[PDB]
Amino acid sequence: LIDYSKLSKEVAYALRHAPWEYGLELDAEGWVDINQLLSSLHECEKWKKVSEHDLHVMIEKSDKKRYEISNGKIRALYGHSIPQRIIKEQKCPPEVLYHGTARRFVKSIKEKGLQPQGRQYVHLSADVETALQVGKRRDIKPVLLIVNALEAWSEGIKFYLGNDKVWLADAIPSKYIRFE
């Protein structure tokens, strides 16, 4: 049987972080031919059994909509770190978005605002529980930040489509972030 969770982590690395290591090139919106991905995964002993059907199943069973398959191509919807900016659709955000973080980063976010750091975009959540889960990746007592996203947008900060639970933004100045 396939560990679809571990397969999902491998696909994340290929489609967000190091496509070159797989001999892949992503298009401007992040897509690659799914047969080229499968061929690359089959260089790895653990993934030689993985079929195109398995990639659909991995997506269906996942707790998050990380990837999409369309007309024989696959992309990650968010998370990228590669030098070439992934073109995402600009969108007007809801009034409020959230961002869960680690206690150890709060001072720096107060001073500088939210920054993309190792990714191309700041990632934000649509609801509190989702944001706390983001923060739990780094801190058992994560900090919830509340972003006045529509105010930021009206003052020129760009936001972009990730998926229904993950919104993307350029750097967000501190004045739009509530820490309490």
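Just count from 1 along the sequence shown to find any residue number.
*If you average the Cα B factors in the entry, which is higher, 60-68 or 39-47?*
Result of the comparison: 39-47.
*asked:* Going by the mean C-alpha B-factor recorded in the entry, which is higher: 82-90 or 97-105?
replied: Between 82-90 and 97-105, it is 82-90.
_Take the CA temperature factors straight from the PDB entry and tell me which of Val134, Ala149, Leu145, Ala28 peaks._
The C-alpha B-factor peaks, among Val134, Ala149, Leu145, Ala28, at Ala28.
*Third of chain Cα B-factors occupied by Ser125*: Tercile = lowest for this residue's CA B-factor.
_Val32 - Cα temperature factor, lowest/middle/highest third of chain_ = According to the entry, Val32 has a C-alpha B-factor in the chain's middle third.
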